[PDB]
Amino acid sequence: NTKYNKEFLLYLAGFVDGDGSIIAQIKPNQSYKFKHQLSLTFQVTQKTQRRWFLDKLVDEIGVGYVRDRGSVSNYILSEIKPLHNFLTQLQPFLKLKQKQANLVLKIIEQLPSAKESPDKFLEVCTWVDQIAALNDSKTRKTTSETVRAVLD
């Protein structure tokens, strides 16, 4: 469990508050028991000419990777353990995306028990709704209600 230098945390907090993205999804996927996968992502974008900055982030944070998608590249961090350890340390300093961060931590700690009872699973999908409503959701398609159906 890498503990981050506090100075680096303050900087990163500011950076995450400005151009950070905290994403929670419910993904339709027939291979899962409840027919969807709970997915969490932290993400930052940078024009591809400046992806050298994302690559140094991979080093600094020590986890995640870099996606190129044409004109822009993404730093991506999905791994739930590293992500939990990351947001745990960053959360206290966040001013704008602290709510999303809290919801993600809460969702992560409840993953074990969510995968046992369809009730706990659904309460967890409503936490995903709150994250989506705190962001600027434009194209969201699958919701807790999508899962409330289906589970019937």
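Each residue number is its position in the shown sequence, starting from 1.
Note on 55 to 63 vs 35 to 43: mean CA B-factor is higher in 55 to 63. With 6 to 14 and 19 to 27 compared on mean CA B-factor from the PDB entry, the stretch scoring higher is 6 to 14. Highest C-alpha temperature factor among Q91, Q110, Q100, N85, as the PDB entry reports it: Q110. Sort the modelled residues of the chain by CA B factor and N74 lands in the lowest third. Among all modelled residues in its chain, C125 ranks in the lowest third by Cα B-factor.
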